[PDB]
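Just the one chain here, the form deposited in one PDB entry, laid out as structure tokens.
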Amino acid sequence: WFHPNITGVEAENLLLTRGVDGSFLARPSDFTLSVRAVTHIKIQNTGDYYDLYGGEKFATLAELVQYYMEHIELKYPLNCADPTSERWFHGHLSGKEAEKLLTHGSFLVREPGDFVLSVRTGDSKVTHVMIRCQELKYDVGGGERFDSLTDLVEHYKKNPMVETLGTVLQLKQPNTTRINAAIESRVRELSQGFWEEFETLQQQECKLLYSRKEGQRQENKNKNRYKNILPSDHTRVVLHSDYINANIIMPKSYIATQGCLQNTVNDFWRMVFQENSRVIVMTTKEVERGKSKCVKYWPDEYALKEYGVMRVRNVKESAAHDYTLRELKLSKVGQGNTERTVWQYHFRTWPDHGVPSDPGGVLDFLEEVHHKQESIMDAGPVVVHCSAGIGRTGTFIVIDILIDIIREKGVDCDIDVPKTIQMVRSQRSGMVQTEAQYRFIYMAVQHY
């Protein structure tokens, strides 16, 4: 249902000719939901979530579409044929280059008007299968003809081609992003190249296996800052009544969470204590563009506040250019020996929309956070929150994970930004929201 390189007119004709009523598609415009008369519904994503006009806020475009197909009718997704966003698709490439690149089950489809399925087999050889394209459909020389190269690949992923002498041409996996640290050259090549690689990652949203059940419960709706933006049930924080919109991220561990609500302040301190977290990363202001993003869950400097069964002291506040650092002290009301310092690094210079022009400041912040975390024996996950706990939270954890690798291996390590994002998304959907953030992660790793 997502079409990466179409226009409003192309979409309008597609839905009128190849579609019916209830038929819909999505496309980059910022996104547009084109439904069939043909209506165009705007989707904006400045970095926190997908905000549909006259609709709701979502972690992914696929979560958005799944919700409106279940609850202007979204009934029939009008499928896209362009293979540009598929991992296996290389477009322009020769046989030799594909042979050398592939040098088991590893495949690709390359490019008169015809395509070539190059597959590796071993314990080795590279088999090239021609794909004829006649009157818009695709085929391997006989049998079934496919509406798109996608239908072809998925048909042969399930049903592999058998070579004359019994060789199974398995379609297992498509890696063109695992660059060695060195980054400078890759950033130049992706400079767009970044948007192309970003939407390939977006096309991998629905491959992820996750449930959102506990967050959809009656007793837990009030505990969600955005009703549709929910934690993954397999990695959610269970409080030992048990609910918080938070997930554990394990590549140093992190807890990705939303900005505190007035009714979730006590549950946030119950989580920090239980998890033995000593570092909080706040990547948002309490209020941005007149809307509240997170409530003040920490006392004023020198003050002491009781938050349910938890007691928090604000020892000292230390201002830096980009951030404030609050030395907090947490204990359970009743038992004195339960006390520990909790350090809250509150980044305040993040723009209301988009990303910082330079990642220097973010990189100084994360460096400080990392050394404060490494200075504490038996320390729990680093708590990271923004507004929804997916956009900024995701950009901060991904940059932190990748620089963690470059700290322990040096300028000689193999990094894969989209592979890291997909892995984090497997633990909380929507982690890293926009293409601008995606590019900022590359620029951050570059500047580091």
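When you see a residue number, it is the position in the sequence shown, counting from 1.
Missing here is the form solved in complex with a small molecule; even so, the following discussion is about that form.
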query: Partner-proximal stretch of 150-158, 255-263, 226-234, 303-311 relative to the small molecule in the deposited bound form, 4.5 angstroms, heavy atom; finding: 226-234
query: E408, heavy atom within 4.5 angstroms of the small molecule in the deposited bound form; finding: no
query: Interface membership of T39, the small molecule in the deposited bound form, 4.5 Å heavy atom rule; finding: no
query: Contact flag, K213 vs the small molecule in the deposited bound form, heavy atom cut 4.5 Å; finding: yes
query: Contact of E70 with the small molecule in the deposited bound form (heavy atom, 4.5 Å); finding: yes
query: Contact residue in the deposited bound form, chosen from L209, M377, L165, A319 - any heavy atom within 4.5 Å of the small molecule; finding: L209
